[PDB]
Amino acid sequence: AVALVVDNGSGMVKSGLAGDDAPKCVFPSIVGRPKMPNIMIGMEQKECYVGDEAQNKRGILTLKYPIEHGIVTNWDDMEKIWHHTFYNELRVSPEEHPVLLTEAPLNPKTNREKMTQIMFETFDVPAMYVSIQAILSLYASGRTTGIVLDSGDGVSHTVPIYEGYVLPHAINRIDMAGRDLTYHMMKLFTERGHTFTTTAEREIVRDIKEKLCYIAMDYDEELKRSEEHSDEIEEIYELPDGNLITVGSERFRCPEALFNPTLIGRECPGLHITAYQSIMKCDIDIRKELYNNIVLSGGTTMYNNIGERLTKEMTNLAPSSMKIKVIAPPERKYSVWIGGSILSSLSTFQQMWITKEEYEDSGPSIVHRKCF
Amino acid sequence: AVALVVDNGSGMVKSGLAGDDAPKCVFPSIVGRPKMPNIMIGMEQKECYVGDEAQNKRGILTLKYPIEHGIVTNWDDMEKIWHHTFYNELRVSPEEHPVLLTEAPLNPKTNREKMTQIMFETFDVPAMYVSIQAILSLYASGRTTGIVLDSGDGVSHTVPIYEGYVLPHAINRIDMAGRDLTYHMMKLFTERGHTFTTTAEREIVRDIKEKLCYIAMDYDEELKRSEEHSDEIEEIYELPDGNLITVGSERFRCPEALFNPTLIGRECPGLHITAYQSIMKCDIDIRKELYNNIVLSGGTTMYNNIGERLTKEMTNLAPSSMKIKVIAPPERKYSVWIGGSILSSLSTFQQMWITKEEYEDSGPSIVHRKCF
Amino acid sequence: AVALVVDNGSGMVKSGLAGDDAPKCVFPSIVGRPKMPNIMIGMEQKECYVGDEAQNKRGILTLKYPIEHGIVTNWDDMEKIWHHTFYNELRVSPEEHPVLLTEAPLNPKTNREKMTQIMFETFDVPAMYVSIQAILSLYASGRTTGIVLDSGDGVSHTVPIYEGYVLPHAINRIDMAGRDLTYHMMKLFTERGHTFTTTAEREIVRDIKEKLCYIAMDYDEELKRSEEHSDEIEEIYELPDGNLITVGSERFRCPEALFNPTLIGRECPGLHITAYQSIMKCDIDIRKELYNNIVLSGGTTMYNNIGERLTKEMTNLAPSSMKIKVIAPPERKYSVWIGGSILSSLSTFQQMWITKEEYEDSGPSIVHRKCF
Ligand SMILES: C/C1=C\[C@H](C)C[C@H](C)OC(=O)C[C@H](c2ccc(O)cc2)NC(=O)[C@@H](Cc2c(Br)[nH]c3ccccc23)N(C)C(=O)[C@H](C)NC(=O)[C@@H](C)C1
Ligand SMILES: C/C1=C\[C@H](C)C[C@H](C)OC(=O)C[C@H](c2ccc(O)cc2)NC(=O)[C@@H](Cc2c(Br)[nH]c3ccccc23)N(C)C(=O)[C@H](C)NC(=O)[C@@H](C)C1
Ligand SMILES: C/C1=C\[C@H](C)C[C@H](C)OC(=O)C[C@H](c2ccc(O)cc2)NC(=O)[C@@H](Cc2c(Br)[nH]c3ccccc23)N(C)C(=O)[C@H](C)NC(=O)[C@@H](C)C1
Ligand SMILES: Nc1ncnc2c1ncn2[C@@H]1O[C@H](COP(=O)(O)OP(=O)(O)O)[C@@H](O)[C@H]1O
Ligand SMILES: Nc1ncnc2c1ncn2[C@@H]1O[C@H](COP(=O)(O)OP(=O)(O)O)[C@@H](O)[C@H]1O
Ligand SMILES: Nc1ncnc2c1ncn2[C@@H]1O[C@H](COP(=O)(O)OP(=O)(O)O)[C@@H](O)[C@H]1O
Ligand SMILES: [Mg+2]
Ligand SMILES: [Mg+2]
Ligand SMILES: [Mg+2]
């Protein structure tokens, strides 16, 4: 019985079969509902559109995200999304395959309890398991020592691991990700005379950010250069309705909020500062090994010149006798899914499943004593 | 029980049976009354002539139009016209067939209430229904996405529809149609020495307009050409009394008021401007689909070189990366009736009729909550 | 040298001298142009009418608004309006008095740059300054802590201020104001059989809205009452040509779009929702102080039963242990001008002017680093 790997993010949902090295079904996590009267009798209509079929007809729909900051807010929408994933994307009966789920660290217990209850009572899966995302990201890299910096759409967290042992007192988690960058980009576009307010406009701005953004090495010099010669960074983007929008300095002022959250109005520290403070809460012996195995993960770390900028920032904070190597592997967008698929194929893991009888005898609270 | 399709316009009335692709009874909507003393005893005379029998003996009659700008002004004349349609044209008892009626958008509620009350108390039809004309025009084309530009004799309106959902905030309606063009033609004929004042003269001018009018591609160049060489556009028309009238430039200066209502003294915008402003009030995503499904309807859109002129005007207003296709199907004069006949034959529509018992229990106000 | 206070709105222009508590020249912001041939030789005519002299002879004029949503669209018309204000309304040379201007938040930089360039090159004022409207509205109330909800003719925005410090990350701005309400009223009047299309008809509808509108406490019950007994809310309004129009339910269905923008077809949230979301983006400590200092401003907040309705809506959203007090002072129509006049008389402000030499040495870009 091949297991199912389902990574439920805040902006995207990945799903596939264990043993493969690439997810088979990746689609946005949105629920669309119509806001207009239906007049044309004779054509069938649906109450709610889930996934890509809500991203194409979004002009007449209102879109909802059922997950905010890695926490499920609406459970009916999440049930609809899981049903769509199981029966419309993979088309495999969930009553014959074990399911491996992922979750961010430092989350409420009720989230895990409700997830287990839904997975066991509605779909009636044989076995299930919940694991942390940073552990799977480290699994996907084929290492055992390093500090993992994961950053997705709702939450970014750093976790150190040394030779198979995790240090829970040095785990950090902040709520600042690509959605805040999208909002910052929307705010910056106002200064040029362009206004985006609706959800579809937000998706357009998100696509613009994903296409035309990069990280600058020296922020002050780039701002100075954006005055004497701004023509070198100008780009033209074609709106879906045929209009053309000019993107200039906003190509590098949007991601800068990752290293300076004061721009968006947040008091939380930056990314390099967070990594350094997470390293400094570990024992003095393992700091040298942690400094040389920095691993990047998530979709928000896909900008250009991210590894070099992070290395330069870390160098100014670390002792002069220390070597810093920021590992930024390709295809890190799906690193968590690859790590989960690798973990689910190990022969040793077959005795760590939460079976149906154990849940029935113990209840939804069993997920705390078994899963970490 | 086959339903009756009755399209009540401002200048013409179409009527027929559901399932056919061509109206069976098309006749003008006029009520004629004599204005001369009757002397010849022995021959029968009637107080009022309705339909074609008032168009032939119009020399001794005064003609009244009971509908102005899609609004019924005199209800007794409309009752007479409906009686003539039911008992003299189709010769089918209205007490056994459901009736499907049409109406222009953005009309007063009292019109619909009075129409329902008359159809239910006088004729005592089993079931009835009222629908918008643009929806039926889109039904007749076999599509689901597009912007419909309907233009008849009293009112011209544009309505966008996207995948079965109508956008009521983007519906436009102006009162400028073939009757205003007839008045403009009458005014233009004065400059050549010809005067038309009576109603029969108005009908003659209307026939001249329907026969010898076309739309020019370039107005200024055509006006310039109408001086150096006017003989190429000269036509001779035989008046009913045998006289000959010469029609020259007025062949293309009459319809030009559709794209420039300032000629007739109106401040309303043109047709292409109205279509563009109706497209621009929709969401940015569906504008591309609306731009490629422009549908023409009504009898006023039957001029020559109308589609090419509309396409050229729309091209200068749309973004350069957009494709515009003006759909101008033949037999679009009766497109609304064809769409209504198609709609009335669907098996799904059989549960959307306003039955007699519902009207009796609720009153004439039921037509608002059920019909759109 | 007494300064000049000039508040440039989207529908009205206020102007006066610093130190007074009431604007001296208030007039609409419209530019009128004739659309008819001039035949009577011997009487002088003007190419364009600005201000009240275009509101009286509007029957033969086409009227243009040079400001849309707080953004100047046509600069020639704005120059004409400023010239009329300086030389025809106040009759004071602008070459001897400093000028204080106002602007809505979150506006393009080019607007401010062009405004400064025009004020410094054409009129050649000694000093100038640009400030936000909500700050002046809070100045006029004699407070330092509160959330200001300004709503005029083109844009409505909310800004929180705590003890002299503004929170730019909690400032909201939406484009929904009295002009949209006028359009909604025009659409509602169609259902009774009345049609307004021209600009003068729009002004008539605006006057009707300003005279006979109020806000209902319970919308559903009012709609139910408007059926059993509609005679209690009927009013008669005399049209300028002597006709009488009956205004019934539309007295309270027009302003309802402020608390439900879905009626007019907009996806933006209501006013109470916007205020609540602007309060919830501030720090937890200052929310209690913000909840008790809600200040209303603008001309669109002049309806009846607005404060009570806003208080009732806010109560259902705030925690049960919080006290909400909506401050709705009289003469809030000119609150921004009063606040600007108070600010311009302070002895401390005399060192915050943009002098001519600084602009000459730095350019039109100086307005960004000095003015907020
Ligand atoms: C950007 C887009 C199309 C664009 C029209 C494509 C073209 C290419 O850009 C322009 O034409 C820039 C132009 C503009 C540019 C410079 C200027 O000194 C004034 C206006 N901007 C405008 O007219 C503003 C007016 C405006 C409203 Br109301 N409140 C606002 C708040 C802040 C700023 C401006 C505004 N405007 C129409 C919009 O934002 C509209 C709603 N935006 C869209 O529909 C998105 C989905 C696509
Ligand atoms: C056009 C018709 C017949 C026509 C006689 C057929 C022939 C073929 O056309 C002419 O002979 C053109 C001729 C004419 C031509 C050139 C000219 O420098 C002067 C007159 N026009 C006239 O005599 C005018 C005189 C007129 C009266 Br009074 N007020 C008017 C207001 C404006 C203009 C002119 C007038 N006239 C007799 C008419 O309009 C009559 C009432 N029209 C008809 O019965 C219609 C139903 C059919
Ligand atoms: C409201 C005004 C005067 C009024 C005549 C004053 C009087 C007091 O009201 C009436 O008589 C109501 C009456 C009417 C009432 C009930 C009814 O079942 C049918 C008509 N309405 C009409 O005749 C419509 C006809 C109409 C044209 Br075309 N398209 C329209 C689109 C929608 C609705 C109706 C129409 N009509 C003449 C107008 O709108 C004119 C253009 N409106 C004006 O000039 C304004 C500036 C002042
Ligand atoms: N090439 C790219 N450049 C910059 N940002 C990107 C790129 N690709 C994706 N993103 C951002 O990453 C986010 C997706 O992250 P993802 O890892 O899918 O989150 P989750 O963990 O919730 O699945 C998107 O919001 C997008 O803004
Ligand atoms: N071949 C044609 N060329 C130009 N105009 C025409 C032609 N046929 C009809 N018309 C105009 O169209 C009008 C009829 O439109 P119609 O669709 O019957 O209006 P309604 O919607 O009221 O029935 C007439 O007034 C006539 O002037
Ligand atoms: N007494 C009133 N009742 C309701 N609405 C009003 C009243 N007075 C003015 N208004 C509305 O307020 C608008 C004027 O707002 P104003 O503050 O002058 O805008 P601006 O900020 O552009 O100057 C007008 O469009 C009008 O519709
Ligand atoms: Mg993730
Ligand atoms: Mg028609
Ligand atoms: Mg204002």
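Among the residues of region C:153-191, which ones are of a type in the set (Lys, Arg) and within 16 Å of ligand 3 (Cβ to nearest atom)? Full working, then the answer.
Initially, region C:153-191 is screened for residues of a type in the set (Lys, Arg), giving C:173, C:179, C:187.
Passing the criteria: only C:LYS187.
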If you check A:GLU228, A:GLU221, A:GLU235, which single one turns out to be of a type in the set (D, E, K, R) and in contact with a strand residue (DSSP E or B) (Cβ under 6 Å, 6 or more places away or on another chain)?
A:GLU235
So C:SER347 ticks every box in (1) without any contact (Cβ under 8 Å) to a residue 40 or more places away in the chain; (2) polar (S, T, N, Q); (3) closer than 27 Å to C:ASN260 by Cβ but one. Which box is left unticked?
(3)
Given the condition within 28 Å of A:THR190 (Cβ to Cβ), away from ligand 8 (no atom under 16 Å from the Cβ) and in contact with a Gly (Cβ under 8 Å, 6 or more places away or on another chain), answer yes or no: does some residue in region A:316-338 qualify?
no
Looking for whichever is more than 15 Å from ligand 8 (Cβ to nearest atom), within 21 Å of B:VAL2 (Cβ to Cβ) and without any contact (Cβ under 8 Å) to a residue 40 or more places away in the chain here; the options are B:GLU95, B:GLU89. Which one fits?
B:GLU95
Note down all Cβ pairs under 6 Å where the first residue falls in region C:63-77 and is within 14 Å of chain A (Cβ to nearest Cβ), the second is assigned to a loop (DSSP other than H, G, I, E, B) and near ligand 1 (Cβ under 10 Å from one of its atoms), and they're at least six residues apart or on different chains.
C:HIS69/C:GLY154; C:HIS69/C:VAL155; C:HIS69/C:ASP175; C:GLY70/C:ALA104; C:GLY70/C:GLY154; C:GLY70/C:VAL155
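Conditions tested, residue by residue: (1) more than 12 Å from ligand 5 (Cβ to nearest atom); (2) over 29 Å from B:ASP20 (Cβ atoms).
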| site | (1), (2) |
| --- | --- |
| B:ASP124 | yes, no |
| B:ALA127 | yes, no |
| B:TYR139 | yes, no |
| B:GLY146 | yes, no |
| B:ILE174 | yes, yes |
| B:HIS194 | yes, yes |
| B:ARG206 | no, no |
Odd one out for A:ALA54 among (1) surrounded by fewer than 16 Cβ atoms within 10 Å (Cβ to Cβ); (2) more than 16 Å from ligand 7 (Cβ to nearest atom)
(1)
Qualifying positions in region A:245-283 - charged (D, E, K, R), more than 14 Å from every other protein chain (Cβ to nearest Cβ) and farther than 22 Å from A:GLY307 by Cα
A:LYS281, A:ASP283
All positions within region C:1-31 that are of a type in the set (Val, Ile, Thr) and in contact with a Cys (Cβ under 9 Å, 6 or more places away or on another chain)
C:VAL13, C:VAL31
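Can you tell me which residues in region B:26-41 are among the aliphatic types (A, V, I, L, M) and surrounded by 10 or more Cβ atoms within 10 Å (Cβ to Cβ)?
The answer is B:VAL26, B:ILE30, B:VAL31.
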Does region B:1-11 contain any residue that is buried (at least 19 other Cβ atoms within 10 Å of the Cβ) and free of Cβ contacts under 8 Å to residues at least 40 places away in the same chain?
no
Could you check, for region B:352-360, whether at least one of its residues is farther than 17 Å from B:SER141 by Cβ and part of a strand (DSSP E or B)?
yes
Restricting attention to region C:90-119, report how many residues are under 25 Å from C:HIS69 (Cβ atoms) and not β-branched (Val, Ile, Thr).
16
Identify the residue in region C:190-216 that is over 20 Å from C:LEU263 (Cβ atoms) and of a type in the set (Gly, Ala, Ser) and, among all such residues, is farthest from the other protein chains (Cβ to nearest Cβ).
C:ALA200
If a residue has to be surrounded by fewer than 19 Cβ atoms within 10 Å (Cβ to Cβ) and farther than 23 Å from A:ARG173 by Cα to count, how many in region A:66-82 make the cut?
4
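Considering region B:12-25 alone, what residues qualify as being surrounded by fewer than 13 Cβ atoms within 10 Å (Cβ to Cβ) and among the charged types (D, E, K, R)?
B:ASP21
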Given A:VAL155, A:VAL159, which one is out of contact with any helix residue (DSSP H, G or I) (no Cβ under 8 Å at 6 or more places or on another chain) and surrounded by 24 or more Cβ atoms within 10 Å (Cβ to Cβ)?
A:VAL155
When you scan region C:163-189, how many residues do you find that are within 14 Å of chain A (Cβ to nearest Cβ) and either crowded, with 23+ Cβ neighbours inside 10 Å or in contact (Cβ under 8 Å) with a residue 24 or more places away in the chain (or both)?
10
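Here's the yes/no breakdown for (1) small (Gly, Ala, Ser); (2) more than 30 Å from A:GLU267 (Cα to Cα); (3) away from ligand 8 (no atom under 16 Å from the Cβ):
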{"site": "C:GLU238", "(1), (2), (3)": "no, yes, yes"}
{"site": "C:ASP241", "(1), (2), (3)": "no, yes, yes"}
{"site": "C:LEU244", "(1), (2), (3)": "no, yes, yes"}
{"site": "C:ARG251", "(1), (2), (3)": "no, yes, yes"}
{"site": "C:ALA257", "(1), (2), (3)": "yes, yes, yes"}
{"site": "C:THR262", "(1), (2), (3)": "no, yes, yes"}
{"site": "C:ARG266", "(1), (2), (3)": "no, yes, yes"}
{"site": "C:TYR276", "(1), (2), (3)": "no, no, yes"}
{"site": "C:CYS282", "(1), (2), (3)": "no, no, yes"}
Counting just the residues of region B:284-303 that are surrounded by 19 or more Cβ atoms within 10 Å (Cβ to Cβ) and of a type in the set (A, V, I, L, M, F, W, C), which one comes out nearest to the other protein chains (Cβ to nearest Cβ)?
B:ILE286
Among the residues of region C:127-142, is there at least one that is farther than 30 Å from C:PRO329 by Cα and either more than 14 Å from every other protein chain (Cβ to nearest Cβ) or within 16 Å of ligand 4 (Cβ to nearest atom) (or both)?
yes
Output the residues belonging to region B:110-144 that are in contact with a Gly (Cβ under 9 Å, 6 or more places away or on another chain) and either within 16 Å of ligand 6 (Cβ to nearest atom) or closer than 23 Å to B:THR158 by Cβ (or both).
B:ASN111, B:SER131, B:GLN133, B:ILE135, B:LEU136, B:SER137, B:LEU138, B:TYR139, B:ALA140, B:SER141, B:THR144
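I'm checking my understanding of the structure. Among residues of region B:206-258 that are of a type in the set (A, V, I, L, M) and within 22 Å of B:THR274 (Cβ to Cβ), which one is nearest to ligand 2 (Cβ to nearest atom)?
Taking the candidates together, the pick is B:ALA257.
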Out of C:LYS114, C:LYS64, which single residue is of a type outside the set (A, V, I, L, M) and under 20 Å from the mean Cα position of the chain (by Cα)?
C:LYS64
Subset of region A:33-52 [of a type in the set (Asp, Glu) and touching a strand residue (DSSP E or B) at 6+ places or on another chain (Cβ under 8 Å)]
A:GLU47, A:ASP52
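Neighbour counts are summed over all protein chains in view; Cβ atoms, including those assigned to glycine, are modelled from backbone coordinates with ideal geometry. Coordinate-derived values only; no laboratory data.
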